[PDB]
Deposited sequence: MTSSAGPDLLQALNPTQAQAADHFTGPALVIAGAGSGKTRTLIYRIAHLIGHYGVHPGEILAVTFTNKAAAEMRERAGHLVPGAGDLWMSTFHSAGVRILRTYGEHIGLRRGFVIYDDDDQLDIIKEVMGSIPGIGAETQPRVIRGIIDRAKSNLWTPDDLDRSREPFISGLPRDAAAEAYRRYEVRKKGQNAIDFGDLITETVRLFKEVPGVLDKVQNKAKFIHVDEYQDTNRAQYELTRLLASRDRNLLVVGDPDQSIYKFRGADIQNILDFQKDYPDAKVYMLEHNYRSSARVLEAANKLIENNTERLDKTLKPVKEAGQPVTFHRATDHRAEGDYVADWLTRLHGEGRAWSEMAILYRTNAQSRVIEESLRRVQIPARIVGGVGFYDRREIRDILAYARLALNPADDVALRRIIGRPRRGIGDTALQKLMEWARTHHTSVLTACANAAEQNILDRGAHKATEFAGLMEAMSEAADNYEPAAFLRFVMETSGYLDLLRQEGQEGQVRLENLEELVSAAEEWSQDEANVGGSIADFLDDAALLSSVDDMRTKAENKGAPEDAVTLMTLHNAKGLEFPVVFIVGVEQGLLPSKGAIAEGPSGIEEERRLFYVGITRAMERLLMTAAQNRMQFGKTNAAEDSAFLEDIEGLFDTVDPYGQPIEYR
């Protein structure tokens, strides 16, 4: 449509980035400087002005929510936004592998494991190894290796003779045996979503070429929190036409603990020596006051690229800090002030509370509840992570794929029905010699070489299952989930122990209703049940299917509660950062890691601060409760860093020193 007018909506530098077009380009700019805004315009300009087809554009965001929100804002500038490919790296790996996984041994209908699934496999494999040792420790090494794009052999030659507390080679062994067992189940994990796609593109160059036709102009936001495997994925993708534009801010890199590699963004002009580089200097988000506090804070980190971050707004309402006697007084001080400011005109949805750890939510929730301030909890106890839901989702996995063993393992027991704690072991070894088909072991229980005591109990389960499978061979997702819930015998259990079980079956109802809202959605026209489970498996804390599911019964236009980490990318007129304490911000872990630990936490704190547009209120306590015990608390060292740049305050409005 000739595009949106750049120089109308952007400053000249933003506008020249948005006008970039072909070849590698790197956009590097401090917080609140309009990196994401420039991205949105760039996408509309490629289409409007350079006549790029939407179905040739890929934009990779940190969360699907962030991608939905970009897409929409792009539709306001230019037609055809519906056709843009926009998602996380992991969501793209699903889409690529679902389409092309058969070129590298992934049979169609492969299953995507969750963390509980990974432990079934681990416990199963670790027995014979020189590895006491907790299955989850092993799981942590494997995830991290995959983020690093390491094979087991690679891990054998890794730097440290000890990983967590394990011998390097025992760890590699574990990983290696987990790998065989996981492939024997036609299954893959979260990190495989990235590593397998990379393997696909290297092994099958004609496949890379086909995908490059849809990913001809590549955009990647949050490039600072990219890992080696995502790095390598992006390289392969761009390798042909080299239309790669990345955007990020090294001061806001807060995922090293999980694999993020800040050198991806700092080496970009080395890896693409023909890149254009655009640097935004002006923050548009924040009051000049919160900004000065931000800049003086981040100047304490060392080895950082010094970049200009200059204010455009005036120095607004001053920044404040409050130390409460108690975390409970913190509670009340937050809860009280929400009102005052509401009373003065700011809507609930323009205010947020940020905390270092999810444990700190509980007290805050109750403090707003008491005063009935509506609350919206992001990233709390995940709804697709509850036992009830995964149990039903397991029944669903097993129905589509009768050869899925870890699914069986999880629900053969619940409800109880002649579960062979002894018997299952026997069906398990029986299956391996015959071949790993465990569900078939149950059907062949009465007829073949048998397990004596409860042969029939197996058969009945085999028949219960085929009825589900026949009900999945066609017959609708939301109602198929009713089929499973009813006939499995799951509901009548929860009703007969319906005390906390009513709480549990109340959630099972939501599942059907989610499966329903999803079915009746725009993008899911003719969507399979497999498709539903795919989406449910890939949700971020900030995604709709999660926030709605978990805040059901809450109004929108509520106060938002989340971690400092989930705040990445967002912005609010009013921000409360709570628990600014040595031991929390920075965490004890980061303290124990030395300067490089502290520097990560400082970035985290810097993110928190630069979330606020009009007012920032930080608080701390002198005492706080851990799991059952109360200990004295100290201010964060980070407050020392920004002394002189905020006012200390008592429960009421006014001045205190410190």
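Numbering the deposited sequence from 1, one finds several regions with no C-alpha coordinates, namely 1-3, 135-137, 665.
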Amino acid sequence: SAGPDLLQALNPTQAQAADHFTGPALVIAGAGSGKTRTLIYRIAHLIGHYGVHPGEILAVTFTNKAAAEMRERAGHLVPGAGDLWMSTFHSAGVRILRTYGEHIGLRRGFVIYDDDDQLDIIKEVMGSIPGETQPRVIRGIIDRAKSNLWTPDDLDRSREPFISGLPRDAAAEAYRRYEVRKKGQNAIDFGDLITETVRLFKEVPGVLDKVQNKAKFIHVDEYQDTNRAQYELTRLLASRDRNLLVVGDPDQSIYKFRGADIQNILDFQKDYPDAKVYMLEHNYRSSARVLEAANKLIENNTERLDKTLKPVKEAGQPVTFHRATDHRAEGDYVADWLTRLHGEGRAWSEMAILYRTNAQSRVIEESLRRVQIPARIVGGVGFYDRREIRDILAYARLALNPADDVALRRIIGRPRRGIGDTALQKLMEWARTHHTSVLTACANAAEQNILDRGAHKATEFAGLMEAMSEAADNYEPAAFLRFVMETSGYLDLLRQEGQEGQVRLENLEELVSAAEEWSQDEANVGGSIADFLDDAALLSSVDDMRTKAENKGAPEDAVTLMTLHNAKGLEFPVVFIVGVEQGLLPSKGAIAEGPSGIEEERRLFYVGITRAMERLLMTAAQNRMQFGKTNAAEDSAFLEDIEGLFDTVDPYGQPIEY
From here on, numbers count along this sequence of modelled residues.
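When the C-alpha B-factors of 584-592 and 479-487 are averaged, 479-487 comes out higher. Set 603-611 against 622-630 and average the Cα temperature factors; 622-630 ends up higher.
Per the deposited coordinates, the residue with the largest Cα temperature factor out of 149, 207, 407, 525 is 525. Per the deposited coordinates, the residue with the largest Cα temperature factor out of 73, 453, 98, 183 is 453. For residue 80, the recorded CA temperature factor ranks within the middle third of the chain's modelled residues. Residue-level temperature factors show residue 23 in the lowest third of its chain, judged at the C-alpha atom. Looking at the C-alpha B-factors along this chain, the one for residue 442 belongs to the highest third. Residue-level temperature factors show residue 14 in the lowest third of its chain, judged at the C-alpha atom.
Among the modelled residues of its chain, residue 314 has a C-alpha B-factor that falls in the highest third, as given in the PDB entry.
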